[PDB]
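What follows is one structure encoded as C-alpha cells, with my remarks underneath.
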Amino acid sequence: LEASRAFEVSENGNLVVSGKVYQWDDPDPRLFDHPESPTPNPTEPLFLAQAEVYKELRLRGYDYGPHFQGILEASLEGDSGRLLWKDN
Amino acid sequence: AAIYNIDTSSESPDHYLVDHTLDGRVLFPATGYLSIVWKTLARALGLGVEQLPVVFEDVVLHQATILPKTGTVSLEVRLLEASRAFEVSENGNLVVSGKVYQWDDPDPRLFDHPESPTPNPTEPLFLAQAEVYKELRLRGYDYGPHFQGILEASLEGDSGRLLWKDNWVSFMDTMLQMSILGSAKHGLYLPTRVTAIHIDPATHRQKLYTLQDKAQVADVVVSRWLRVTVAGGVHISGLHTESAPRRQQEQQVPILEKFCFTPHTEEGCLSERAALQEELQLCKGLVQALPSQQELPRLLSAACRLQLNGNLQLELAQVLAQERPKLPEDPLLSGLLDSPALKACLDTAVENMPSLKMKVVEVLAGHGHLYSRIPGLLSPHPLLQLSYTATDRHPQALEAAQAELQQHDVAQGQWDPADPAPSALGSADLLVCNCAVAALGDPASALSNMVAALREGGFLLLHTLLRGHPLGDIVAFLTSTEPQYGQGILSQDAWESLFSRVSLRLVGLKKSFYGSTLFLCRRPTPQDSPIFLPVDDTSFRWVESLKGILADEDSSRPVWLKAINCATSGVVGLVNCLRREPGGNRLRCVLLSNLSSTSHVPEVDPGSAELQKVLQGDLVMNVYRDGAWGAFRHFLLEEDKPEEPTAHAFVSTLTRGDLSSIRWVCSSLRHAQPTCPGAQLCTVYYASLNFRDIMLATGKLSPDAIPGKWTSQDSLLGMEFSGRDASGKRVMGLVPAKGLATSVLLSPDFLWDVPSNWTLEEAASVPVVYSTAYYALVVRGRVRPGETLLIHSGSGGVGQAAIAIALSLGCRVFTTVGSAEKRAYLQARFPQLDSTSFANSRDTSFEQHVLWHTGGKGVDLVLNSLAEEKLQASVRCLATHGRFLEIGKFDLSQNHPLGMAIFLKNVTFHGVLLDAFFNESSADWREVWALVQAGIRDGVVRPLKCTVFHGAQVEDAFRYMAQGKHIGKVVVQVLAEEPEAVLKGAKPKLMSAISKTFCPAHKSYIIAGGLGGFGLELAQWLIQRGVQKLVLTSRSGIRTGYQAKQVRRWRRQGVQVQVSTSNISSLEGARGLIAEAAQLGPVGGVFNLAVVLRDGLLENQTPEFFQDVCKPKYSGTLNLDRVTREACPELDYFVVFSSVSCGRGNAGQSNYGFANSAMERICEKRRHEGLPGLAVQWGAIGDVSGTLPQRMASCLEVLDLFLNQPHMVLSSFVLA
Amino acid sequence: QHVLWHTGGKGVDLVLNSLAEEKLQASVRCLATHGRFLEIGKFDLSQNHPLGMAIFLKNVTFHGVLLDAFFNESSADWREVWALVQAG
Ligand SMILES: NC(=O)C1=CN([C@@H]2O[C@H](COP(=O)(O)OP(=O)(O)OC[C@H]3O[C@@H](n4cnc5c(N)ncnc54)[C@H](OP(=O)(O)O)[C@@H]3O)[C@@H](O)[C@H]2O)C=CC1
Ligand SMILES: NC(=O)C1=CN([C@@H]2O[C@H](COP(=O)(O)OP(=O)(O)OC[C@H]3O[C@@H](n4cnc5c(N)ncnc54)[C@H](OP(=O)(O)O)[C@@H]3O)[C@@H](O)[C@H]2O)C=CC1
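Chains as they are written, first to last, in this note's numbering: chain A, 1067 to 1154; chain B, 3 to 1218; chain C, 731 to 818.
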C-alpha cells in the first residue's frame, strides 16, 4: 500500500507478516555507531569461538546449518561479536 | 488496484454528484468511497453488489476530494483480503482507510429500530422536506435535488422518512444528513471516522415500503444515546464528525448605501475638508501682491521663480510638468468631482430618463478626464446599461491611456465644441464638460453647439470655476497664453445669462466654498397640458383615478402626483415603481414633507410660483423639506468600521485565520446583565497568551473544539488574567475563555489573591501552567518523593511548572529542550539540574539518553506534550508501574493507534484535560485550587519569565508567540498597575473599540411578523446577542414544523419566547402588544417585519389591495410609533425593514413601494425628534431587479453594522 | 447498548474488563468522561492489539492491572492490599 506505506505477506490467503515499509529518504550513517557497553570488560582474555556459540545454540534448540552459522565469535556476555558477510 | 473515474458531465451516470455541494464547492460524498469499495470487494469475491452483505469497520477519512467542474478524478482502491483492510488513494495520496469484509451471517434483528427515549407524544407537527433542507442550507449544506432524500423528520430529528431511488450513495448520505439535523452545534460538520457500518441488501429490500404514491420510502431512526443510525438495510454506528473550516472565497460583497435627502442647490460643499482650505490658503499666499507637491502650488512657485512679476508668456508656457495634463490632479480643481455632489447630479441625471438605458457623451475628455470617474459612479445601478463616448479636440489628445478606455465601455470621438456634433453622436441625454480644467472654445458657441447636439429633455453637466472668486482670479492671472481657457471663466450671473440665452434651464447647482461649482441644466421639452392628481386621500380611492388616467395610451400629457396633507405619504416609492410599468414615463411627483412642525408650508396651487418653477424644472422626483426643494439620493456608505469609547472590550480576529485582523471589539459585559451571586466582574490588567490562543488566531483550531456552549460569532481567546476584583483587591484568575479582554466575568472559585511580594505582571503567568502541572502530577499522576520524571519541553511554561513541582519533592528529573539557549536558561533557573538532565526535544534522541542514564529501567512518570513518532518514543521510556501523562492533544484528536502491549508492564495511561473543570466536576477542582494555594504559600510556585506587550500591539504579541523562539510566558499588558495595594477606583479606562450590538437581559423585544422566515432568523440572531425576553407577532400563530422547532428550542434555553398574534394594524392591538411586552420587562426594541404582498400592474390592482398591503407596513408602523412614543421610555431600537423596490422601483409592486416609502418617512421623522429609528432596504434574501439573493449570514452581518450607524435609512444588496 | 441505554447514554465511571478482542473495544466504548478502565485480562495486551487514543480526549485513565507483579517479593504496596483484604 504505497499510499499507506504498509506491506502484507500472505500464504494461501492467510496473513503471515504485516507492518510498514518505505524508502529511507535521508540515511544518516551516524545511526550505525556502536553504543558503548555499560561494562568496560578491559582484559577480555576469553571469548566464544564459532564452535562454542553454536554448540550452546544447539543445546538451546537451534540447529542452524553451515550457511546460517555466521557468528565468527562473541564475548562471554553476548554484548559484542564479529559477524560474517557472504553477500546474503 | 481497481480504478474509478468520477465525471460530472450530464451524459455520465455520475452526474448526480453535482448536487452534493458543500460550502459552495462540490465534494465527493463520504458514502461514495464506501460505494466504490463495496463494488471492488464484490468484484474480488465474484458476487454482485446486491448479493454481498458487507461490513465496514474503523473507516477513517484523511482528506476530501474536490470534483472539478471540468475534467475527471481517478480513485484507486486496494484490498488486503488476508488483513480484511482496504485503501482509497487519489493520485498517490491516501484518502480513506479501514476494514471491509463480507458479512458471513446477516442478522435481521440488528436493523430493528432502537427503543425510543421519548414517550411518543404524537405531536401533530413534523419537519417537512422543504423545511428540513431550508435548515440545512442555513447551516451550510447546499444539497441539490438528487441528494434531497428526506421527506419528513421529527422536530427532534430522531426519526423520519427517507426516499429510495436505487442509489446507495444518496441513501447513505441522506442517513448522514438525518444524523446532523438534530445536532445543536451550529456550523458545517463532515464525517471523519465511522466505527462500523452494516449493509444487508436483502433486509433492505424487505424494509422498503411504497407510499400511496409510487415513491419508495424507508423509515429511519437516530439514537444519540446508543449512537446508531438505522434505516432499511443499513446500520451506521459510531459516526464522528469534525467541524469544517466553513470558509468560502469570492463571497458576496453587498453594496451598502445611505438614503438621505439632498437639496437641489447647495453651497459650501467642501467646507469640511481641511486639505482644500489649506491649499487655497497656500495659493492665495503665493499670489499676494500679484512649497508643496500639488500642481497649482508648484506652478505658482515656478511662476514666482521664473520672474517675480511680469513673467514672459513663452517662458512659463513651456515648463516641465506644466504643459502636462496632470494639472487637474490638484485637489481644488477636483474638489467637487470627488465630493458626493457629483454623485447626486449623476443620480438626478439617470433619473428622469425615459428608459433605463442612458446615452452620455463627454466633450474635451482628453483634458477633463471625467471618463475615469463617471463609469465608476453609475456601476451600483443594477439594470442601467450605459452608452458612453469620449470626445476630444484632436485624436492625438487623449491618444494615451487607451487601455483605460478599453476596460470601460467608452469610445473615442472628435468634436470641437464650436463645430457641430457628428451624426454618430447625434442626440444625447447627458453631456459633461469639465470646463474647469479643459478650455472650451467660447461659452456661447460651445453651449449652443452642445444644446443642438443634446436630446430633448437631456441634461447638461458643467463643472467650471466662477469669475469674481479668489481661485477664479488666480487662474485668470495664470495661463493667460490660453485664450480659450480665459473665455471659459465667468461670473455666476454671466453663466445664468448664457443659459437663459439658450433654451437650457438650471435645475441643479452645487457650489463649493471657494468658487468652484457644478452646474446642471436640461433642455426643456415641448410643453403640453398637465394633469394634477392629488394622492393624499385615504382609502386609496385616487388609485382608481390613476388607473383611469393612464388607461389612454395615446395620450402623452404629463401626470403629476400631488401629496401635501400628509408628510408620511410614500408617493416617492409609488412613482419609482410605476415608472417601470407601461405609461409610467408621464408620471411626476411633488411631495411636501417638511420634517419640522414650525416649517413653512409653501402653496402648491397652479397659480403658485413654486408650482410653476417645479413645472419648468420638470423633474420626476420633487420633494420639499424645510424650505428646500430636493430629492432623496443614494450615497455610498463609508467603509470604516465605527468605533466608540468603552470600558468593556475584548480582542478578536475579525477574519478567521488572519493575524492582521486582530482588533479590539466592544464586549457584552458593558451591560453587566449576567451579574449574580456565584459570579463577579474583575478588571483585567495583564492577560497571558497561550498555545491555544495562537492556534485559534492562526485558524488551525476551530472554536467548536473549545468545550462549552459558545456563540458562533464570539471570541474564545485568553484563559489567564491578572487584575483587581470589584473590591479593588489584587487577584489572578483562570477562565475557560474570553480572558483576553478589558473585563472578565468570573466565578470566585477560580480566583487567587496575589501575594504582596509579587507584581500583577508576574501573577499573570502562574494560573494556567501551575494549575495544569499540579493537576497532572499530583492528582492524576500521584507523584511521590524520590521518583524519576521525564518532562518534555522544559522551556515551556508547563514544563517549567512541572520541573519546579518535581524538584520540590526531590524527584530526579529528565527534560528535553529545543536549543542550547533554552538549556542554559533552564540550567540557570534550576541549579539542581545537572548536565545529564537534558536531551534534544526535536528528535527521538532523548529516548536513548533516558534509558542509558536510568540503567535501562525507564522512568516513573512521563509528562508528554509531543506528537506522533515522538509520542511513541516517550511511551517506551516508561518503567514498571509507570504513569504516562498526556497533556498534548494531537494524537488524541487524530485517534492514532496505541499498542496495548505496554500495559503488560503494569503502567497506567492518563488523558489529562484541564478544561473539563470549567464545565463539570467543579467540586473536584477545588483540590487543585488548594494545591496551587499551598504551592504559592510555600514558595514552590514561582512566576515565569514575562514578555510584556502593550494593549495597542496585541498583533505584535501574537506574531512573537507564533515564532517558537519565545521563552517563558507572553503577557499582553492592558492597564498599568497602580502603586497601591487596594484601590476602589478599579474601573478600566476607556478604549476606542469596534462597536457591536448587544442587548441587556432585563428588557423585552418585539418582532412584528416575527414567525416569518426573516422574522425567525432575526430572532435567532438577537438571542445570540443576549436577549432573554422576546415577543413574536403572527396573524395565524404557529402553524409549521420549523416554527415550532425553533420556538421550542429557544424556550429550552431559558428564553421567554411569547407568541402574541395581536395585529399592529389597529392602535388597540399595538397597545395590547406593547403592554404584553411590558409584562416580561421594559421594552428594549421593536422590529416591524410584517408584510402582505398583492402584486400586479396598476391596471389590475384595486384600492382594497393597497389597503391590505399598507395595513401591516404603513398603518402598523404608525401605530407602533405612536404607542412607543407614549409608553416606551427605555426603547433602544425602532427598526423597520423595507425593500430596494422603494428606491429603485419594480414593475407591479407599486403598493409595496408606497408602503415601504411611508415606513421610511415615519422613521426619518422619528430620528429628527431624537428618538430611535431605522429603515433598512434589502435587495433579496436567499436562504429563507438585477440583484442577487443575499445570504442570511451576510444579511445579519450587514444589519449588525447599520444598528451602529447615525443615519436614518440604509440599503444593502448584491449586484448581478 | 444495554449500558448506554440504562445510563442515559452517559456511560460507566469504572470498568473491570476481563474479556478480549472485540468485546474489549465495546467495553471501552462504555466509558464516561473521567472514566477509568481496569484491564485485568492479558490476551489483548500480549498480542499488542491497537488501541485508539481518541478515547483519552474524554478525561480518562487506562490501567494495566497485574496482581502478579507483587508475588515475587513482599513490597510496601502489597501490604496495603493485604490490609484491605483483612479489613474486608
Ligand atoms: N491539559 C490541558 O488541557 C492543558 C494543556 N496545555 C497545552 O499544552 C501545550 C504546552 O503548553 P506550553 O508549554 O505553555 O506551550 P508553549 O507554546 O509555551 O510551548 C513551548 C514549547 O513547545 C515547543 N514549541 C513551541 N513552538 C514551537 C515551534 N514553532 N516548533 C516546534 N516546537 C515548538 C518547544 O518545545 P521544545 O523546547 O522541546 O522544542 C517549546 O519550548 C499547549 O498547547 C497548551 O495549550 C496547557 C495547559 C492546559
Ligand atoms: N426577500 C425577502 O424576504 C425580503 C423581505 N423584506 C421584508 O422583510 C420582512 C420579512 O419578510 P419575510 O419574513 O421574508 O416574509 P414573510 O412572508 O414570512 O412575512 C410575513 C410574516 O409576517 C406576518 N404578518 C403579515 N402581516 C402581518 C400583520 N399585519 N401583523 C402581524 N403579522 C403580520 C405573517 O403572518 P400572517 O400571514 O399570519 O399575517 C408572516 O409570518 C417583511 O416586512 C418583508 O417585506 C423585504 C425585502 C426582501
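Cβ coordinates follow ideal geometry from the N, Cα and C atoms, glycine included.
So if I measure from each beta-carbon to every heavy atom of ligand 2 and keep distances below 6 angstroms, which residues remain? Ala1010(B), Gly1011(B), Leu1013(B), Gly1014(B), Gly1015(B), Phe1016(B), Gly1017(B), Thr1035(B), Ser1036(B), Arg1037(B), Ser1038(B), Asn1065(B), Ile1066(B), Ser1067(B), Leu1091(B), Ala1092(B), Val1093(B), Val1094(B), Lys1113(B), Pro1114(B), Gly1118(B), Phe1139(B), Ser1141(B), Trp1180(B), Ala1182(B), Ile1183(B) and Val1186(B)
Does the Cβ-Cβ distance between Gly151(B) and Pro203(B) come in under 7 angstroms? no
Quick one: give me the first and last residue of the beta strand (DSSP E) that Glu769(C) is part of. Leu761 to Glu769
Chain C contacts from the segment 908-922 of chain B (Cβ-Cβ distance under 8 angstroms): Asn908, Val909, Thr910, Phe911, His912, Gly913, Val914, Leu915, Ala918 and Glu922
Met360(B) versus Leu811(B), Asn1148(B) and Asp431(B), residue with shortest Cα-Cα distance: Residue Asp431(B) is the option with its Cα nearest to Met360(B).
CB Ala565(B) to CB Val606(B), shorter than 7 angstroms? no
Provide the residue span of the alpha helix (DSSP H) that contains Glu1118(A), from first to last. It spans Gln1116 to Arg1126 - the alpha helix (DSSP H) in which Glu1118(A) sits, taken as one unbroken run.
For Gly368(B), the first and last residue of its enclosing alpha helix (DSSP H): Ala367 to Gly370
How is the alpha helix (DSSP H) around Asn842(B) delimited, first residue to last? First-last for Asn842(B): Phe840 to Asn842, but that is the beta strand (DSSP E), not the alpha helix (DSSP H).
Apart from the five residues just before and just after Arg627(B), which ones in its own chain have a Cβ nearer than 7 angstroms to its Cβ? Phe263, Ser595, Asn596 and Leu597
Thinking just about the alpha-carbon of each residue, which of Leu379(B), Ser11(B) and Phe911(B) is nearest to the one in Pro70(B)? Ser11(B)
C-alpha gap between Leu500(B) and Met355(B), whole angstroms: Cα to Cα, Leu500(B) sits roughly 25 angstroms from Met355(B).
For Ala784(C), go through chain B and note every residue whose CB falls closer than 7 angstroms to its CB, in chain order. Listed along the chain, the chain B residues whose CB falls inside 7 angstroms of the CB of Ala784(C) are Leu894 and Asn897.
If you follow the alpha helix (DSSP H) that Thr1119(B) is in, where does it begin and where does it stop? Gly1118 to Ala1129
If we ignore side chains and look at the alpha-carbon of each, how far apart do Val815(C) and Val223(B) end up? 49 angstroms
Which complete alpha helix (DSSP H) runs does the segment 911-979 of chain B hold, if anything under 4 residues is left out? 918-921, 924-940 and 956-964
Just curious, the alpha helix (DSSP H) that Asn1158(B) is in, first and last residue? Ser1152 to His1170
Look at the alpha carbon of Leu77(B) and the alpha carbon of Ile38(B), and state the distance between them as a whole number of angstroms. 9 angstroms
Reference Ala633(B); option with closest CA among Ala346(B), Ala778(B) and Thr818(B): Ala346(B)
Please list the residues of the segment 124-140 of chain B that have a C-beta atom closer than 9 angstroms to any C-beta atom in chain C, keeping them in chain order. none
Proximity to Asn1148(B) [Cα-Cα], best of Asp106(B), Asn578(B) and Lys328(B): Ranked by Cα distance from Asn1148(B), the first of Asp106(B), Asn578(B) and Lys328(B) is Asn578(B).
From what residue to what residue does the beta strand (DSSP E) around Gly735(B) run? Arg732 to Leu736
Whole-number beta carbon distance between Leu1081(A) and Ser85(B), since they are thought to touch under 8 angstroms: 6 angstroms
Would the beta-carbon of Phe693(B) be found less than 6 angstroms away from any heavy atom of ligand 1? yes
Note down, in chain order, all residues in the segment 1087-1103 of chain A with a beta-carbon under 8 angstroms from any beta-carbon belonging to chain B. From the segment 1087-1103 of chain A, only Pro1101 have a Cβ closer than 8 angstroms to chain B.
Go ahead and label residue 1267(B) buried or exposed: buried means 16 or more other beta carbons lie within 10 angstroms of its beta carbon, across all protein chains shown. Not covered by the structure: residue 1267(B). The range shown for chain B is 3 to 1218.
Where does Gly1014(B) sit, in a helix, a strand or coil, going by DSSP? coil
For ligand 1, any of its heavy atoms closer than 6 angstroms to the Cβ of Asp917(B)? yes
Please name the residue, chosen from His794(B), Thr856(B) and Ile1025(B), that lies closest to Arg844(B) on a Cα-to-Cα basis. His794(B)
In the DSSP assignment, the alpha helix (DSSP H) including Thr42(B) goes from what residue to what residue? Counting along the chain, the unbroken alpha helix (DSSP H) around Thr42(B) starts and ends at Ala32 to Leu47.
Here's the rule I'm using: 16 or more other beta-carbon atoms within 10 Å means buried, otherwise exposed. How should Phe919(B) be labelled? Buried is the call here.
Starting from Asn578(B), trace the alpha helix (DSSP H) both ways and give me its first and last residue. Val573 to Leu580
Kindly examine ligand 1 and report whether one of its heavy atoms sits closer than 6 angstroms to the Cβ of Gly798(B). Yes.
Kindly list, in the order they appear in chain B, the residues whose Cβ is closer than 8 angstroms to that of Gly1079(A). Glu83 and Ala84
Beta-bridge partners of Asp394(B), as assigned by DSSP: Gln416(B)
Going by Cα to Cα distance, which pick from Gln618(B), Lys615(B) and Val622(B) is closest to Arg582(B)? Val622(B)
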